[PDB]
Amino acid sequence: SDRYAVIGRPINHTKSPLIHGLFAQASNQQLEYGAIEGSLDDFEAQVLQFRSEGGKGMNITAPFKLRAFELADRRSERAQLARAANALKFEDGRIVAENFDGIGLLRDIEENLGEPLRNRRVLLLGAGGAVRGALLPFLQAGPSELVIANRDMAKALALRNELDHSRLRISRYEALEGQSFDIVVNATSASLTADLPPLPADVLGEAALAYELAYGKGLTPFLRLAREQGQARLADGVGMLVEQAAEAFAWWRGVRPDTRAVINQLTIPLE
């Protein structure tokens, strides 16, 4: 009945309709969740068309999250910091933008994987949109330190100044020499091209958790490095993907769907 959709380019292999369909059947919600191949030229017009046809909300994927952010009338705090929106809701009577990637990631780590950040040392690799979206929720969780390691230190410095939070620190990769962390999150795209971020491998020695944002891509070079260097539990981005979807589902429907079964079925065993 009520219609939702994901929009991005390419969209052929999106898991979003699958995920929200599973949510809908488990939670007894009558809705249809479709997929739209977004045009580089008229993305915005496509979003407006869907709304015009009675659509209730959308998820936004690459490469349109920034453009979704700009098109929106009202934007949540995480969306403003990321300058990127991965969910829209059409309510009396405009277009509201949210970004749930960071909340999904945090919930997967703290609840699903049993590693609350509170009072622990957390290293995030990268300073891209995913990292920007994760910063507020991660800091809200009170880690003893949150360290962003990145190649582009101007970008990382800009972020640190914007937040001015007592627990946030930035680092060059080389500078990580001799440092230890409890939770390490690889939010670079290295794993998508089966590559490895420039870590002194010893950085993973004390880790309880190495988390790869990439989904279903085998033992990435990062997770392999983690297994070599210590006894961290290894995870990829399947839980993040499902938890962020769930946040949007609750926003639209007022139901928090069970994510356990869904995460299980989409999980592609690393080992």
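Each residue number is its position in the shown sequence, starting from 1.
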item	value
Which of 194 to 202 and 118 to 126 has higher mean CA B factor, as the PDB entry lists it	194 to 202
Mean Cα B-factor comparison, 140 to 148 or 153 to 161, giving the higher one as deposited	153 to 161
Highest recorded Cα temperature factor - choice among 57, 34, 239, 216	216
Peak C-alpha temperature factor (PDB record), options 176, 72, 87, 187	72
CA B-factor ranking of residue 61, expressed as a third of its chain	middle
Position of residue 104 among the chain's modelled residues by C-alpha B-factor, lowest, middle or highest third	lowest
Among modelled residues of the same chain, the CA temperature factor third for residue 13	middle
Assigned third (lowest, middle, highest) for the C-alpha B factor of residue 256	middle
Ranked C-alpha temperature factor of residue 82 among modelled chain residues, by third	middle
